[PDB]
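Below: one structure, written as structure tokens.
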Amino acid sequence: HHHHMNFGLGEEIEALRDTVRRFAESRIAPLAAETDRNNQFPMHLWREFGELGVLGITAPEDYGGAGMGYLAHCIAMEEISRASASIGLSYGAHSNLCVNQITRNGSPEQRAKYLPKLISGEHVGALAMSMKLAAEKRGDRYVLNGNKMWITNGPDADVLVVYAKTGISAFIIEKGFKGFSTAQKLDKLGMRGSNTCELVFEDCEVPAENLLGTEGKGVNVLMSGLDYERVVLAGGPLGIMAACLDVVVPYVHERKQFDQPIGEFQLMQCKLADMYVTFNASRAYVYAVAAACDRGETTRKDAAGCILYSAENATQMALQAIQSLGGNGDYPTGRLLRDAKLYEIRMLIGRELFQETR
Amino acid sequence: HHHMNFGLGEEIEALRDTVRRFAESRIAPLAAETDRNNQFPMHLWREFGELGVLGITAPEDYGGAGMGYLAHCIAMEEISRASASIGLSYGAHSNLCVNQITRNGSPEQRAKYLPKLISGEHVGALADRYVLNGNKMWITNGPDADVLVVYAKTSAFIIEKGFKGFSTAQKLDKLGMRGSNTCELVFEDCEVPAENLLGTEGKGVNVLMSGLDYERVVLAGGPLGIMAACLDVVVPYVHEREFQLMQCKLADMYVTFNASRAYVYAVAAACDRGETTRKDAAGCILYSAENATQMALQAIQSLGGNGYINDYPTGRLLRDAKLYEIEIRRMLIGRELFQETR
Amino acid sequence: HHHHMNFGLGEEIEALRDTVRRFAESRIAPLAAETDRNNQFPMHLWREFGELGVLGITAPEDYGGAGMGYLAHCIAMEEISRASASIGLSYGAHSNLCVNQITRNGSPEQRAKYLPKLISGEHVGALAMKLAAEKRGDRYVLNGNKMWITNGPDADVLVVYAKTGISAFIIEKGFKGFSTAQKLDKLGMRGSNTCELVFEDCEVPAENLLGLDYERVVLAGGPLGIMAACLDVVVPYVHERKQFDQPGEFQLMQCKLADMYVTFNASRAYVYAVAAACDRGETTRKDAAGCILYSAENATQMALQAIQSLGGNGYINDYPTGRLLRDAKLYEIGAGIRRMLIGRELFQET
Amino acid sequence: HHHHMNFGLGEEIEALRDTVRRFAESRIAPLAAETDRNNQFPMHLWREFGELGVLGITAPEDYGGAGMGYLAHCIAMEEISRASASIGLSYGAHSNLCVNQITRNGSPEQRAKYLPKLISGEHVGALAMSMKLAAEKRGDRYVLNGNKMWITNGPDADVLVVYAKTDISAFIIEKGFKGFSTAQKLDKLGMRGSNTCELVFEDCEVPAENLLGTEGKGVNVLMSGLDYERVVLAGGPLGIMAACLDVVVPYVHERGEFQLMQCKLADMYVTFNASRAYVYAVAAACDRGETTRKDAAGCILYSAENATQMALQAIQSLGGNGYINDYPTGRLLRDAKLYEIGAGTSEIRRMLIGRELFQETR
Ligand SMILES: [Ca+2]
């Protein structure tokens, strides 16, 4: 494969990329198709992810994390999603949405208690941001009622970060908590095998020690990670685009023959060029925004920008891959398009830009 | 506030600011007049020289800045932001001519030609004795060039304006990039000394190909500057004129602009690392050029009726942007990707 | 539904559209999901299509046909495909690909024999456009195979092309040497029975020797129907999404509606125009290919947009937006390189 | 030229098309480049247009009109714009915006007075939609104050249909009316040679006999023409797309690159005839008397955006030559852009369609 431009990100990130790629190719790619058809996450991967050392990329090394940044995590997300977008999505919700939320907003006691098992992979994590859920203080404990829809890793999550109205607070939920239950997992068009379901809270008793950050200050807790976390998830669309090229490039080689129609080769090369450029332009944009996050710089418009841009590019590139293979497309290109659409599912960028320039 | 920060380091951030301040005060006021008169303001050459931007990638030993292509691209960007025409002329001089002599010239050739080119006393262009006959069309800075790098079949040559047999035709009347002097080069029994042969005889294809990449990357700053100029106009205008659809249009301009910058900067940085590659060079100029043209149309659209008046610069931005687009880039990228993945 | 522009096509065509639309709504749409799920054509529809009088739209009235044109047939195809693209494809292969070929290229004896049962729906028809035929006195001997044939497993009558340079034949299910393979389980167009045709020393009488663009234009009704189905889903949804807590989202949704509306009706205008040109007998080679390519691609993008507009609700495998995408994709595959043919025609003509 | 699909529109419309095409080829096309360069309308064309009988396409024959429909007029607009987009725009503002408004909303006396000279080309007409202009009844006369911007044929117009506020009302204005004046004509990016300027009203005295339709019901007069205006003027983008093909197809002949050019040619051909199909259909609907508010906006929106993008492709196909002012590709791009701006922007057009579609399905 030679459709990846080098961004000179340093030996450590390039080693991370290569490590994840070899793992994904041997342990993820062979079960990608079966995962989509059966609509089931292969649960054995969680412990393997842990031993690979990728479930806590941006988590402190004191809890078993790698102590790396969002650029590194985005690329780990990319290479995993490249083999399977569904598994990539589940991985992202765990290692980025859940773990990094506890990492950033958790008390020292909360980090020491919940992070080690999440980073090792013995526990699966989830995040329920988006009010359908209300929390009520009752002396020593909190009482939660309401629901949360469309939660990745919902059915399997042992630890869940959940937002509820008090005006907003965040809580750490354990699977074993009384009053907490999960409904039947969704049967989706794409991202099949990424277990998604409804969370149900009926008089759920949550200890005060499980309150995440300050009470009434949940929106800033939401806002805190959301920009940085959303950038990591842009690795999903990046991975799908990589997968598109993984299919098309060898296909163009197999199809280059004397019996090939007079002009189909040159048109295929032009299609390849557009895919190549779109892929690496998206990477450039996302990586830059991720690197800006690592520098601690505000990236609100560009974070949203790079996710929007890359998500749409992935969808259109998947369609171009299907178009390019024609009749012959057995191939996973159908899955790539279906998967891409979920990430795609502007005024915020424009509104903030307008208000900043007043 | 439509510029994302890419953390490019203190020296490059200092260069950008230096070039920006010069462009705003010394270039921008003359932008409209340059397009109208279809004439380059010749006084800028010495001012560019004194600014120290005509030899960005040239060695400090010849008066150059000794910086890289990322720095040069950004200088190109900020200049083109004030005037795309002048930016184009600047790029042809500082990159097409100067960097070619820098890379492929013998120590004596550099010592002879670079100092005056970097100072701005000479204008540069890119197209026992040697006799060159024939012609070259569409040469930027052609009518004014004192020193010219020219490719011929035997090879690359250094041509001086005073050489017998060398002449220039009437400058072009273009849709855009007006004031960027472009003309035909004419060679009729032109006598060129053997000492003016550039690099090795028969190895001119490697010389030509080498510079093309750096050209595509540095000149990609052109479209970047034009897109910046689009935002420079539209953002204050929408305030003077909140609606939901306009904010979406603004968002697209903003995102496209910074995505283009990200790609171009990365390729430029790759060149500085020596990881230079043909398809990504071709890729980022192709990408940014197409984006610039479409954004110019959107800039015109955003100003409405006023955007369609020659008083406002949006009309010029569209006309300027189209030249950078002027199949070959996509076929080069596809062919290159194919052969690497065989 | 108010996303259909009126093209003033006349009382007879408008009556056809309304009749087929009412039939599709009552008899096709309710089984659309089950048809896709089970990958089986509901065989009872053939006789119902027959009694409706739509299996011989371009067939002579003397054999039970409607005696109408390709514009009319395209629109019947559209309204059926609107309810189910799979059923539309099967209907198109029968009433258009098979019947109209026999109508146009069949001898009077061949028409009187094969058309009546096809038009009534008692017989199912198919077209097979790797196969060799050899003249041997009174009979023809066919050997080879034909892949990806719609209505293949159920076809009683098949129009088949073979190499000699090329000739067409009318094949009966009962012909010795003729057999059909297991039907395909495809990603989309599920419930449109498709299979391989197999010819091993197949004996065909000389009396069954027979004698595409116009027919290809009618099939553009498929994508048109799919786009119509996209709007059928999206327009009521935007109403449901219009709420008190909403949201800048409403205005953007309406703009999205406008684009879908324009794309849909522009596609119809182009396809209908080419269809009408076919009825006039005017050469339409580049324009036939143009409108099929254009509408097919538009259908796929609109299916993606329909998924986009419904959000989470659109992303469940239960909903028909998933089906629209799968169906649309097959039409774009079958209509494709296509552009180079058109350009070549324009260049060589000039 | 073999890049036109035939729509079987009948002998009368085909006869009109051929007549206008042959005229445009001989009398308009040679003057296109010079018209753009000088930023001046060739005034001799008005009388020539008149004798050709195309200034009153949808006007009654009793006033010298052709008594034809909007489909015919759209095609006249197309073939003229094909030779010169600037001249096409001026022609459209005169023959459609002004003349058809007087035809539809004028009293018998108003039609008998103003139409003959407009249709003959002796008078130039204009329409001023866009409030900024106020009118006050003073017995026998009206007194107008305010201004109207961006008026095609403004500097040259002898007769102008103007909309004003009463608390909206429409009026027929003559150049000689006291208080009426015009500012210096615009220096535009494109449509150069289509004279555009500001109208200025300073105590402009207008007779009561020049009031168009009913007072206070000017919005209905305005909305009425806008629909028909968008459809006929859609011939502009159609003509520009036709002009793109007129340039590119012969050029590729004179010149693995060949295969890519053919694919580009195909896209241009398909986009062109798809646009025609849509616009012609909406025009035919207008002739049937079938109101099509969203479809009128729809077909102009569609064709205008297609024309601009095709112009960019035309420039690209000619390469270096396409970027030279000698060649017409530069002008086509500059001209096409106005239609995306004019007669309401693309934004207003999409929202008009969406809003209308939403309320019908309520
Ligand atoms: Ca009949």
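A note on labels: chains of the structure tokens are A, B, ... as shown, every chain counts residues from 1, and ligands are counted from 1 in their shown order.
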**Request:** Can you pull out every residue within 12 Å of residue 251 in chain D, counting only C-alpha atoms, but drop anything in the same chain fewer than 2 positions away, and send it as a PyMOL selection string?
**Result:** (chain C and resi 347+350) or (chain D and resi 244-249+253-255+261+265+314-319+321-322+327+329)
**Message:** Give me, as number ranges by chain, the residues of chain A touching chain D, with the criterion being at most 12 Å (counting only C-alpha atoms).
**Reply:** A: 261-271
Around ligand 1, which protein and nucleic acid residues have at least one atom no more than 7 Å from it, if we count only C-alpha atoms and all ligand atoms? List them as an mmCIF file with N, CA and C atoms, in the first residue's frame.
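Heads up, here's the output in selection19.cif:
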```cif
data_model
loop_
_atom_site.group_PDB
_atom_site.id
_atom_site.type_symbol
_atom_site.label_atom_id
_atom_site.label_comp_id
_atom_site.auth_asym_id
_atom_site.auth_seq_id
_atom_site.Cartn_x
_atom_site.Cartn_y
_atom_site.Cartn_z
ATOM 1 N N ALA C 66 -52.044 -2.462 -25.018
ATOM 2 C CA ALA C 66 -52.643 -1.144 -24.840
ATOM 3 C C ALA C 66 -52.436 -0.273 -26.075
ATOM 4 N N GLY C 67 -51.474 -0.657 -26.909
ATOM 5 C CA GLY C 67 -51.159 0.085 -28.117
ATOM 6 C C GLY C 67 -50.634 1.480 -27.834
ATOM 7 N N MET C 68 -49.953 1.637 -26.703
ATOM 8 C CA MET C 68 -49.374 2.924 -26.330
ATOM 9 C C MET C 68 -47.876 2.963 -26.620
#
```
**Asked** Once you count only C-alpha atoms, which residues of chain B turn out to be within 12 Å of chain D? Could you give them as a PyMOL selection string?
**Response** chain B and resi 137-139+171-178+182+243-246+248-249+290+293-294+296-332+335
**Asked** Residues of chain A within 8 Å of chain C, using only C-alpha atoms, as a count of residues only?
**Response** 15
**strand (DSSP E or B) positions in range 98-236 of chain A, given as a ChimeraX atom specification** = /A:125-128,133-138,141-152,159-165,168-174,180-182,188,196-207,211-212,217
**Item:** Å distance separating CA of residue 121 in chain D from CA of residue 194 in chain D, one decimal place
**Value:** 16.0 Å
**Residue set, range 70-222 of chain D restricted to alpha helix (DSSP H), as an MDAnalysis selection string** = chainID D and resid 70:83 85:92 99:105 108:120 218:222
Selection above as a file: N, CA and C atoms, as a compact mmCIF listing (two decimals), in the first residue's frame:
```txt
# COMPACT_ATOMS: atom_id res chain seq x y z
N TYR D 70 -44.68 31.47 -24.17
CA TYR D 70 -43.45 31.61 -23.40
C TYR D 70 -42.39 30.57 -23.78
N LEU D 71 -42.84 29.42 -24.28
CA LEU D 71 -41.91 28.40 -24.77
C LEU D 71 -41.15 28.94 -25.97
N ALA D 72 -41.89 29.53 -26.91
CA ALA D 72 -41.31 30.17 -28.08
C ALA D 72 -40.36 31.31 -27.69
N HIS D 73 -40.79 32.12 -26.72
CA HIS D 73 -40.00 33.26 -26.28
C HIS D 73 -38.71 32.81 -25.59
N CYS D 74 -38.82 31.76 -24.79
CA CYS D 74 -37.66 31.19 -24.11
C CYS D 74 -36.59 30.77 -25.11
N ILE D 75 -37.03 30.19 -26.22
CA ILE D 75 -36.13 29.70 -27.25
C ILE D 75 -35.53 30.86 -28.06
N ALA D 76 -36.32 31.91 -28.27
CA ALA D 76 -35.81 33.13 -28.88
C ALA D 76 -34.71 33.73 -28.01
N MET D 77 -34.97 33.77 -26.70
CA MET D 77 -34.00 34.22 -25.72
C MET D 77 -32.73 33.38 -25.77
N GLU D 78 -32.92 32.06 -25.85
CA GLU D 78 -31.82 31.10 -25.91
C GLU D 78 -30.89 31.33 -27.09
N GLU D 79 -31.46 31.41 -28.29
CA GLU D 79 -30.67 31.53 -29.51
C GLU D 79 -29.95 32.87 -29.60
N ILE D 80 -30.58 33.91 -29.05
CA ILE D 80 -29.95 35.23 -29.00
C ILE D 80 -28.81 35.25 -27.98
N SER D 81 -29.07 34.70 -26.80
CA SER D 81 -28.07 34.63 -25.74
C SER D 81 -26.89 33.75 -26.15
N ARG D 82 -27.18 32.77 -27.00
CA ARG D 82 -26.17 31.87 -27.54
C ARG D 82 -25.08 32.65 -28.29
N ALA D 83 -25.49 33.70 -28.99
CA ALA D 83 -24.57 34.55 -29.74
C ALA D 83 -23.94 35.61 -28.84
N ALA D 85 -24.61 36.88 -24.61
CA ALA D 85 -25.38 36.83 -23.36
C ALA D 85 -25.84 38.21 -22.92
N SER D 86 -24.98 39.21 -23.11
CA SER D 86 -25.31 40.59 -22.77
C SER D 86 -26.53 41.08 -23.55
N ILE D 87 -26.49 40.90 -24.86
CA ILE D 87 -27.57 41.31 -25.75
C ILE D 87 -28.83 40.51 -25.46
N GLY D 88 -28.66 39.24 -25.13
CA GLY D 88 -29.77 38.40 -24.73
C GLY D 88 -30.48 38.93 -23.49
N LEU D 89 -29.70 39.35 -22.50
CA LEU D 89 -30.27 39.88 -21.26
C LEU D 89 -31.06 41.16 -21.50
N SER D 90 -30.50 42.07 -22.29
CA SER D 90 -31.18 43.32 -22.64
C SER D 90 -32.45 43.01 -23.42
N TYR D 91 -32.36 42.05 -24.34
CA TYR D 91 -33.50 41.63 -25.13
C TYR D 91 -34.61 41.07 -24.24
N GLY D 92 -34.21 40.29 -23.24
CA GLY D 92 -35.16 39.68 -22.32
C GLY D 92 -35.88 40.71 -21.46
N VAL D 99 -42.48 44.53 -22.05
CA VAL D 99 -43.55 44.33 -23.02
C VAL D 99 -44.65 43.38 -22.55
N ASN D 100 -44.27 42.22 -22.02
CA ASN D 100 -45.26 41.23 -21.59
C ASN D 100 -46.04 41.71 -20.37
N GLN D 101 -45.43 42.59 -19.58
CA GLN D 101 -46.12 43.19 -18.44
C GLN D 101 -47.23 44.13 -18.89
N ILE D 102 -46.94 44.95 -19.90
CA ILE D 102 -47.94 45.86 -20.45
C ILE D 102 -49.01 45.05 -21.17
N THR D 103 -48.59 43.99 -21.85
CA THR D 103 -49.50 43.08 -22.53
C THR D 103 -50.51 42.47 -21.56
N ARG D 104 -50.01 41.99 -20.43
CA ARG D 104 -50.84 41.28 -19.46
C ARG D 104 -51.67 42.20 -18.56
N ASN D 105 -51.07 43.31 -18.13
CA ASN D 105 -51.70 44.15 -17.11
C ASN D 105 -52.18 45.51 -17.61
N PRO D 108 -56.59 48.55 -22.48
CA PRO D 108 -56.56 48.64 -23.95
C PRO D 108 -55.91 49.92 -24.46
N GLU D 109 -56.14 51.04 -23.78
CA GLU D 109 -55.54 52.31 -24.16
C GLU D 109 -54.03 52.30 -23.93
N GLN D 110 -53.60 51.70 -22.82
CA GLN D 110 -52.19 51.63 -22.48
C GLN D 110 -51.43 50.74 -23.46
N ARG D 111 -52.06 49.65 -23.88
CA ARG D 111 -51.46 48.75 -24.85
C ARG D 111 -51.37 49.42 -26.22
N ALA D 112 -52.44 50.09 -26.62
CA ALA D 112 -52.49 50.79 -27.90
C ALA D 112 -51.48 51.93 -27.97
N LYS D 113 -51.15 52.50 -26.82
CA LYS D 113 -50.25 53.65 -26.76
C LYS D 113 -48.77 53.27 -26.73
N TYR D 114 -48.43 52.26 -25.94
CA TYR D 114 -47.02 51.97 -25.65
C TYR D 114 -46.43 50.77 -26.39
N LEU D 115 -47.24 49.75 -26.64
CA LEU D 115 -46.73 48.52 -27.26
C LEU D 115 -46.18 48.65 -28.69
N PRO D 116 -46.89 49.35 -29.61
CA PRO D 116 -46.41 49.38 -31.00
C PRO D 116 -44.95 49.81 -31.18
N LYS D 117 -44.53 50.87 -30.49
CA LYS D 117 -43.17 51.38 -30.63
C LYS D 117 -42.15 50.50 -29.91
N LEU D 118 -42.58 49.83 -28.84
CA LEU D 118 -41.71 48.89 -28.14
C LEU D 118 -41.47 47.65 -28.99
N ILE D 119 -42.52 47.18 -29.66
CA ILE D 119 -42.44 45.98 -30.48
C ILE D 119 -41.67 46.26 -31.77
N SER D 120 -41.74 47.50 -32.25
CA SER D 120 -41.03 47.90 -33.46
C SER D 120 -39.55 48.13 -33.17
N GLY D 218 -50.15 45.80 -6.26
CA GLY D 218 -48.93 45.78 -7.05
C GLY D 218 -48.10 44.54 -6.80
N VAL D 219 -48.26 43.95 -5.62
CA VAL D 219 -47.55 42.72 -5.28
C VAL D 219 -48.01 41.58 -6.19
N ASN D 220 -49.29 41.60 -6.55
CA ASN D 220 -49.83 40.59 -7.45
C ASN D 220 -49.35 40.79 -8.88
N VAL D 221 -49.15 42.05 -9.27
CA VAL D 221 -48.57 42.35 -10.58
C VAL D 221 -47.11 41.92 -10.61
N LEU D 222 -46.38 42.25 -9.54
CA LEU D 222 -44.97 41.88 -9.41
C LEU D 222 -44.75 40.37 -9.42
```
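When the distance limit is 10 Å and only C-alpha atoms are what count, the residues near residue 292 in chain A, minus those fewer than 5 positions from it on the same chain, are residues 70, 71, 228, 286, 287, 297, 298, 299, 302 and 303 of chain A; 4, 5, 6 and 7 of chain B.
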Using only C-alpha atoms, I'd like every residue of chain B that has an atom within 9 Å of chain A; please write them out as a compact mmCIF listing (two decimals) with N, CA and C atoms, in the first residue's frame.
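The resulting file, out-v4.txt, is reproduced below:
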```txt
# COMPACT_ATOMS: atom_id res chain seq x y z
N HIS B 1 -10.77 36.85 11.91
CA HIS B 1 -10.33 35.72 12.71
C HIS B 1 -10.68 34.40 12.04
N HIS B 2 -10.40 34.30 10.74
CA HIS B 2 -10.71 33.10 9.98
C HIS B 2 -9.46 32.27 9.67
N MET B 4 -6.93 29.51 11.13
CA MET B 4 -6.52 28.49 12.08
C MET B 4 -5.00 28.52 12.27
N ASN B 5 -4.54 28.28 13.49
CA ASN B 5 -3.11 28.22 13.76
C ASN B 5 -2.56 26.81 13.63
N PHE B 6 -1.50 26.66 12.84
CA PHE B 6 -0.92 25.34 12.58
C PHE B 6 0.36 25.08 13.37
N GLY B 7 0.70 25.98 14.28
CA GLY B 7 1.87 25.82 15.13
C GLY B 7 3.16 25.58 14.35
N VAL B 235 -16.44 38.35 5.07
CA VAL B 235 -16.73 38.40 6.50
C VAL B 235 -17.14 39.80 6.98
N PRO B 236 -16.38 40.86 6.61
CA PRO B 236 -16.88 42.17 7.03
C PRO B 236 -18.18 42.58 6.33
N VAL B 238 -20.84 40.72 5.30
CA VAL B 238 -22.04 40.09 5.84
C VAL B 238 -22.49 40.77 7.13
N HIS B 239 -21.54 41.31 7.88
CA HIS B 239 -21.86 42.10 9.07
C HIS B 239 -22.54 43.42 8.70
N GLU B 242 -26.01 37.09 9.71
CA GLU B 242 -26.93 36.68 10.77
C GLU B 242 -27.94 35.67 10.25
N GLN B 244 -29.53 32.44 8.47
CA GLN B 244 -29.09 31.05 8.65
C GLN B 244 -28.31 30.44 7.49
N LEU B 245 -28.74 30.71 6.26
CA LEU B 245 -28.07 30.18 5.08
C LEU B 245 -26.69 30.80 4.81
N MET B 246 -26.54 32.09 5.11
CA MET B 246 -25.26 32.77 4.94
C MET B 246 -24.19 32.22 5.88
N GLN B 247 -24.58 31.89 7.10
CA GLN B 247 -23.65 31.34 8.07
C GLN B 247 -23.11 30.00 7.58
N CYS B 248 -23.96 29.22 6.93
CA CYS B 248 -23.54 27.96 6.34
C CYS B 248 -22.55 28.20 5.20
N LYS B 249 -22.81 29.23 4.40
CA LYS B 249 -21.90 29.61 3.32
C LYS B 249 -20.56 30.06 3.88
N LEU B 250 -20.60 30.82 4.98
CA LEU B 250 -19.39 31.25 5.67
C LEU B 250 -18.60 30.06 6.19
N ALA B 251 -19.30 29.10 6.78
CA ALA B 251 -18.68 27.91 7.33
C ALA B 251 -17.92 27.13 6.26
N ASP B 252 -18.55 26.96 5.10
CA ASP B 252 -17.93 26.25 3.99
C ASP B 252 -16.66 26.95 3.51
N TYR B 254 -14.75 28.97 5.31
CA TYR B 254 -13.78 28.82 6.39
C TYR B 254 -13.12 27.45 6.41
N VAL B 255 -13.94 26.41 6.32
CA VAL B 255 -13.44 25.03 6.37
C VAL B 255 -12.58 24.71 5.15
N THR B 256 -13.08 25.06 3.97
CA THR B 256 -12.36 24.83 2.72
C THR B 256 -10.99 25.51 2.74
N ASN B 258 -9.05 26.42 5.40
CA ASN B 258 -8.10 25.84 6.34
C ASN B 258 -7.74 24.39 6.00
N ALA B 259 -8.66 23.69 5.34
CA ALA B 259 -8.37 22.35 4.84
C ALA B 259 -7.33 22.43 3.73
N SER B 260 -7.49 23.42 2.86
CA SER B 260 -6.54 23.67 1.78
C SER B 260 -5.16 24.02 2.34
N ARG B 261 -5.13 24.91 3.33
CA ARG B 261 -3.89 25.28 3.99
C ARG B 261 -3.19 24.07 4.60
N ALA B 262 -3.96 23.26 5.32
CA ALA B 262 -3.43 22.06 5.97
C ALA B 262 -2.73 21.13 4.99
N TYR B 263 -3.37 20.89 3.85
CA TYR B 263 -2.83 19.99 2.84
C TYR B 263 -1.56 20.56 2.22
N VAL B 264 -1.64 21.81 1.79
CA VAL B 264 -0.50 22.49 1.17
C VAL B 264 0.69 22.60 2.13
N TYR B 265 0.43 23.02 3.36
CA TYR B 265 1.49 23.15 4.36
C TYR B 265 2.19 21.82 4.63
N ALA B 266 1.41 20.75 4.70
CA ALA B 266 1.94 19.41 4.95
C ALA B 266 2.87 18.95 3.84
N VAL B 267 2.46 19.19 2.59
CA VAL B 267 3.27 18.81 1.44
C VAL B 267 4.54 19.65 1.39
N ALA B 269 6.01 21.00 4.00
CA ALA B 269 6.82 20.52 5.11
C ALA B 269 7.50 19.21 4.74
N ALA B 270 6.80 18.39 3.96
CA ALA B 270 7.35 17.13 3.46
C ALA B 270 8.54 17.39 2.55
N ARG B 273 11.58 18.17 4.57
CA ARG B 273 12.14 16.97 5.18
C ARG B 273 12.87 16.13 4.14
N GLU B 275 11.20 14.55 1.84
CA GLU B 275 10.26 13.49 1.50
C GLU B 275 9.41 13.93 0.31
N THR B 277 7.53 14.36 -3.05
CA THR B 277 6.90 13.38 -3.92
C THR B 277 6.02 14.08 -4.95
N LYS B 279 3.27 13.34 -6.80
CA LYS B 279 1.82 13.32 -6.78
C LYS B 279 1.21 14.22 -5.70
N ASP B 280 1.87 14.34 -4.55
CA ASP B 280 1.35 15.20 -3.49
C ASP B 280 1.60 16.67 -3.81
N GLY B 283 -0.87 17.17 -6.24
CA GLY B 283 -2.13 17.03 -5.52
C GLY B 283 -2.60 18.28 -4.80
N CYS B 284 -1.69 18.94 -4.09
CA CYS B 284 -2.07 20.08 -3.26
C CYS B 284 -2.33 21.34 -4.08
N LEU B 286 -3.46 21.21 -7.28
CA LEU B 286 -4.73 20.86 -7.93
C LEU B 286 -5.89 21.12 -6.98
N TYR B 287 -5.74 20.63 -5.76
CA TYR B 287 -6.75 20.76 -4.72
C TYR B 287 -7.06 22.22 -4.38
N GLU B 327 -6.60 17.65 -16.04
CA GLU B 327 -6.39 16.34 -16.63
C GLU B 327 -4.95 15.86 -16.41
N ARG B 329 -2.68 16.95 -14.27
CA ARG B 329 -2.38 16.77 -12.85
C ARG B 329 -2.97 15.47 -12.30
N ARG B 330 -4.22 15.18 -12.66
CA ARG B 330 -4.86 13.96 -12.19
C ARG B 330 -4.26 12.70 -12.81
N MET B 331 -3.81 12.81 -14.05
CA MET B 331 -3.23 11.65 -14.72
C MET B 331 -1.82 11.38 -14.21
N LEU B 332 -1.13 12.45 -13.81
CA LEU B 332 0.20 12.32 -13.23
C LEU B 332 0.14 11.63 -11.88
N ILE B 333 -0.84 12.03 -11.07
CA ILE B 333 -1.03 11.45 -9.74
C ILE B 333 -1.44 9.98 -9.82
N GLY B 334 -2.42 9.69 -10.67
CA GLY B 334 -2.90 8.33 -10.85
C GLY B 334 -1.84 7.38 -11.38
N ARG B 335 -1.09 7.83 -12.38
CA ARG B 335 0.00 7.04 -12.95
C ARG B 335 1.09 6.75 -11.93
N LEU B 337 0.81 6.82 -8.56
CA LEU B 337 0.29 5.95 -7.52
C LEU B 337 0.26 4.50 -8.00
N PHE B 338 -0.10 4.33 -9.27
CA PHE B 338 -0.19 3.01 -9.88
C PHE B 338 1.16 2.30 -9.94
N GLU B 340 3.87 2.88 -8.18
CA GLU B 340 4.40 2.63 -6.84
C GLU B 340 3.74 1.40 -6.21
N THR B 341 2.50 1.15 -6.58
CA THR B 341 1.71 0.07 -5.99
C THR B 341 1.66 -1.17 -6.87
N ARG B 342 2.59 -1.26 -7.82
CA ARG B 342 2.65 -2.41 -8.71
C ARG B 342 3.09 -3.66 -7.95
```
